[PDB]
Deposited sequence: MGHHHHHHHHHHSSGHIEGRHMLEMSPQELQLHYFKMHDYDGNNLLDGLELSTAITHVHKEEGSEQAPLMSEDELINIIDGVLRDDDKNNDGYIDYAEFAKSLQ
């Protein structure tokens, strides 16, 4: 397995509903601290990486 495949495996490992998108609740679990700091991290990830603003990070958005 390549690194990129290892990254894909993490993406898929937190895609519990199998829709090939990671939402904020799925992202939260990946962060296995207060609810306010958690909100700020997740909002941060969405702000920076959710390019189409649908509330999901798809694999393309995940890869960069």
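- Several segments of the deposited sequence have no coordinates for C-alpha: 1-24, 57-69, 102-104, numbered from the first residue.
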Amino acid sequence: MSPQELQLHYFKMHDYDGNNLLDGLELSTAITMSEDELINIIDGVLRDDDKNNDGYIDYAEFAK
From here on, numbers count along this sequence of modelled residues.
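- In this entry, 35-43 shows the higher mean Cα temperature factor of the pair 22-30 and 35-43.
- Taking the mean C-alpha B-factor of each stretch as recorded, 45-53 and 13-21 are not equal, and the higher mean is that of 45-53.
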